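Included below are structure tokens for two forms of one protein chain, each presented in isolation as structure 1 and structure 2.
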Structure 1
């Protein structure tokens, strides 16, 4: 029984647009929390690696858990509202700003559904 945790960054600007990356299907920047890192350190590291920004002000937006045989997975969704730098496709992946109003849960993997609903509201 091992744990696998992933930190996810929801980057929102002043115009209520979120930075979305692509694979085909759309998704949020993010990745695995490594040994010895806190959830906060991991989201900062993964975002610096994937989109070239350093989160400065962020809060826990949602935490989802998945219990599978021999594996406990936790997804940490952080709402990033202020950062240093400009988001871009640093790891060579497609990226772009999309307004919250126009976000469609069907364009993201089913796992993000509850977060999108919550996001696409307030």
Structure 2
């Protein structure tokens, strides 16, 4: 299971975070909008499509900030963390999910999935 997520951050060094549903894997956890990279699709396409679907924006000139693999108690997933600094549209809860800007400095890794630990840390430096 390959996963593409977008680390969306504005000029104010804030990132746009969303909270996962109470009945989803890693429920109630904070997260970077993202989803499964589908067949016949590239990870770059997957992140654009996913952000469009989840927060209504289209990533532009983004880079791969981090790529890693994590083993959850019942599944193994590869995460593709894209740093998105330019985009069209305004990020919002397009799928009716909680969404808001969060200072990079005040992020608490414990709030996100354990898989994001290194990314969250590395983030506090760029």
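Rigid core: the largest C-alpha set superposing within 1.5 Å between the two forms. Positions refer to the first chain, counted from 1.
Asker: Let me spell it out: fit the two forms on their rigid core, measure each listed C-alpha, and pick the one of 63, 32, 90, 72 that moves 2 Å or more between structures 1 and 2. Which is it?
Answerer: Result of the superposition: 72 is the only one at 2 Å or more.
Asker: To one decimal place, what C-alpha displacement in Å is found for residue 10 between structures 1 and 2 with the rigid core superposed?
Answerer: For residue 10, the C-alpha ends up 0.2 Å from its position in the other form.
Asker: Core superposed, what is the CA shift for residue 106 between structures 1 and 2, in angstrom?
Answerer: Superposing on the rigid core gives a C-alpha shift of 1.1 Å for residue 106.
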